[PDB]
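Remarks on the structure that follows.
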Amino acid sequence: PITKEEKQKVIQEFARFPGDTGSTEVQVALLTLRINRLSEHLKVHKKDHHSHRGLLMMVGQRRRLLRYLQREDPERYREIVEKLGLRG
Amino acid sequence: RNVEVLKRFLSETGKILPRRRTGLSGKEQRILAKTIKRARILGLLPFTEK
Amino acid sequence: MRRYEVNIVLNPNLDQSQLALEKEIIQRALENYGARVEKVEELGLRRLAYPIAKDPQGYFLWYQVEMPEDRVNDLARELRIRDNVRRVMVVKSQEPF
Amino acid sequence: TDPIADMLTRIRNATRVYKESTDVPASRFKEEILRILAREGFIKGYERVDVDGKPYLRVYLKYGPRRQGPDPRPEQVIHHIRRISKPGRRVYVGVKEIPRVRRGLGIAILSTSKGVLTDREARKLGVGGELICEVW
RNA sequence: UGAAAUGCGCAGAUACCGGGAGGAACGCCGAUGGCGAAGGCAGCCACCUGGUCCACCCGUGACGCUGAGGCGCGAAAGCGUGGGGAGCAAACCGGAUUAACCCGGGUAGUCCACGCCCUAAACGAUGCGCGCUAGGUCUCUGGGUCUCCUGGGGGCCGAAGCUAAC
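So this is what it looks like as structure tokens:
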């Protein structure tokens, strides 16, 4: 039911600078928020395969967002993966 | 609102405006389909009508 | 906070006292589920599209509240338990239609 | 994605439908190409145009005289336009291995070591390149 | 059903009227329709949740595209456990015809949920699939605009390809 206002926080949280609303860190951040929300859904609606597919879509997309920031600048990559609790 | 102005095609309360089954009417009637069905659950003669 | 709309139909053979009681119980039950009565209307006695409980007619009620989304189905059930309540209908956004 | 092939393709479909011109993504390597086909006659010429801030290279399709008898559709100039050396299938040749255009009547765009030249311009300067495409 | 048998035979049936209990499937609108990864899904309503389209056009910045293993998964179908009811129904039974699948009764069974299983599908727009390019009129769908444009479906073409579906 969420996802409407909390975005401002998530964005301004990973925003490298005032006005940034789509950086590699932001994209993964907001995208991850969706995965968590979707995950909390399947656990209730296991018989929901369609959305389950979209899950791998964002997860597969997210990982791609990571490997990129990794070969381009492994400095922010290590920070984003930590601020997201991803594989500590 | 955006309902030919005369009245909301969703108005399933004041069924003082007869219109069942049909098939022509005008433009989209998908939103109207649910209307009639919503009214039939309350007090809209689901008999046959002609 | 999702705004809704409920359509209840009581027994068409209830006095002003019993009728007033039911409403006092419905408005109440709603508040117990985070429902704020924004407006109420008493349509009257029309004719059902189907005779419920061997009754071709019934008294209709009109309600409009903005109660929690994950507690709506809980109210409809908490309302249809009444012997007087012939049936209950819930939709969305202000007036029902 | 192949920008060249996609370009030479537009040139083709442009003549089939019989158009006066066709816009193409502005590019340096492409400009030279269009420039050569203009010095020969394959095309009436090209011109730089910035559409909404986006640079292009609209080319003018050239056509020959009228057909032999009552028949519209003017006589085409570019009877063909395909590429040889392309992504994946890199095709390079030497000065002594230089291909053979359609019996002189045309040019084989070769990305030699001395700028985008043809089959002869490469043979003369004695330089080999990449088989960009053969036009005729 | 064109015949007839069968069945109805505690009773008083079947087509009548009202009420009661249970289960399943869910009309008109459903339409050359639409959505979705496929399957599949269409009484309605609320909630959770996915994908997709369009607009202004700020931001991060091609972090792309296809894709073998792997993983999940298809109508009907068989198989194990728990379990209630209804319709239909192949093996089964009977009349007839013959000298057979049409009709009648009809249990096992088919059903729902979990697990195992997961073919030919559909379609032929599938060797996948992406980008660009050519391109008019008519009917229909969605958004912002309103001789429009972006994104679908159907019908008749022009160029070109395929003679060997014309």
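Chains as they are written, first to last, in the entry's author numbering: chain O, 2 to 89; chain R, 35 to 84; chain F, 1 to 97; chain H, 3 to 138.
Ideal placement from N, C-alpha and C gives every residue a C-beta, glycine not left out.
What is the DSSP secondary structure of residue i, counted as helix, strand or coil?
{"i": "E42 of chain F", "result": "strand"}
{"i": "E42 of chain H", "result": "helix"}
{"i": "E132 of chain H", "result": "strand"}
{"i": "residue 156 of chain H", "result": "A query on residue 156 of chain H cannot be resolved here, the shown segment of chain H reaching from 3 to 138 and no further."}
{"i": "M1 of chain F", "result": "coil"}
{"i": "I81 of chain O", "result": "helix"}
{"i": "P27 of chain H", "result": "strand"}
{"i": "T4 of chain O", "result": "coil"}
{"i": "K88 of chain H", "result": "strand"}
{"i": "residue 142 of chain H", "result": "There is no way to answer for residue 142 of chain H, as the model of chain H reaches only from 3 to 138."}
{"i": "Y69 of chain O", "result": "helix"}
{"i": "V37 of chain R", "result": "coil"}
{"i": "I25 of chain F", "result": "helix"}
{"i": "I100 of chain H", "result": "coil"}
{"i": "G61 of chain O", "result": "helix"}
{"i": "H46 of chain O", "result": "coil"}
Tell me the DSSP bridge mates of residue i?
{"i": "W138 of chain H", "result": "None, per the DSSP bridge assignment."}
{"i": "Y63 of chain F", "result": "F:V6, F:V40"}
{"i": "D55 of chain F", "result": "F:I52"}
{"i": "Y48 of chain H", "result": "H:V61"}
{"i": "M89 of chain F", "result": "F:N7"}
{"i": "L119 of chain H", "result": "H:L112"}
{"i": "residue 2 of chain H", "result": "A query on residue 2 of chain H cannot be resolved here, the shown segment of chain H reaching from 3 to 138 and no further."}
{"i": "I83 of chain H", "result": "H:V137"}
{"i": "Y94 of chain H", "result": "H:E132"}
What residues of chain R sit near residue i, judged by a beta carbon separation below 8 Å?
{"i": "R36 of chain F", "result": "Result: empty, since nearest Cβ-Cβ is about 22 Å, beyond 8 Å."}
{"i": "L48 of chain F", "result": "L76, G77"}
Pick out whichever of the options has its Cα sitting closest to the Cα of residue i.
{"i": "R64 of chain O", "options": "O:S40, O:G20, O:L32", "result": "O:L32"}
{"i": "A53 of chain F", "options": "F:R46, F:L10, F:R2, F:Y4", "result": "F:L10"}
{"i": "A49 of chain F", "options": "R:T56, R:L76, R:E83, R:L66", "result": "R:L76"}
{"i": "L87 of chain O", "options": "O:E14, O:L34, O:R17", "result": "O:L34"}
{"i": "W138 of chain H", "options": "H:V93, H:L36, H:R84, H:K56", "result": "H:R84"}
{"i": "residue 139 of chain F", "options": "F:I8, F:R3, F:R2", "result": "The structure shown has nothing for residue 139 of chain F, since chain F only spans 1 to 97."}
{"i": "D55 of chain F", "options": "F:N13, F:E69, F:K39, F:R28", "result": "F:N13"}
{"i": "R14 of chain H", "options": "H:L112, H:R75, H:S113, H:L63", "result": "H:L63"}
{"i": "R104 of chain H", "options": "H:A40, H:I134, H:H81", "result": "H:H81"}
{"i": "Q9 of chain O", "options": "O:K48, O:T22, O:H46", "result": "O:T22"}
{"i": "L59 of chain H", "options": "H:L36, H:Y20, H:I109", "result": "H:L36"}
{"i": "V88 of chain F", "options": "F:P68, F:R77, F:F97, F:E95", "result": "F:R77"}
{"i": "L57 of chain O", "options": "O:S40, O:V27, O:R77", "result": "O:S40"}
{"i": "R28 of chain F", "options": "F:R3, F:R2, F:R46, F:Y63", "result": "F:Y63"}
{"i": "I26 of chain F", "options": "F:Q94, F:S93, F:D74", "result": "F:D74"}
{"i": "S23 of chain H", "options": "H:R122, H:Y48, H:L133", "result": "H:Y48"}
{"i": "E123 of chain H", "options": "H:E42, H:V93, H:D4", "result": "H:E42"}
{"i": "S93 of chain F", "options": "F:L79, F:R71, F:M67", "result": "F:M67"}
{"i": "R80 of chain F", "options": "F:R46, F:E22, F:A35", "result": "F:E22"}
Would you mind telling me which residues of chain F sit closer than 8 Å to residue i, beta carbon to beta carbon, in chain order?
{"i": "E83 of chain R", "result": "Those do not exist, as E83 of chain R stays about 12 Å from chain F at its closest Cβ, beyond 8 Å."}
{"i": "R42 of chain R", "result": "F97"}
{"i": "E46 of chain R", "result": "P96, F97"}
Could you work out which residues of chain R lie near residue i, taking near to mean beta carbons separated by less than 7 Å?
{"i": "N7 of chain F", "result": "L76"}
Quick one, which residues of the region 49–75 of chain R are near chain F if we go by CB-CB under 8 Å, in chain order? Per Cβ criterion, the list reads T69, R72, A73, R74, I75.
At a Cβ cut of 9 Å, what residues of the region 74–92 of chain F count as close to chain R, listed as they run along the chain? Within the region 74–92 of chain F, the residues whose Cβ lies closer than 9 Å to some Cβ of chain R are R87, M89, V91, listed in chain order.
Determine which residues of the region 15–27 of chain F have a Cβ less than 8 Å from any Cβ of chain R, and write them out in chain order. From the region 15–27 of chain F, no residue has a Cβ closer than 8 Å to chain R.
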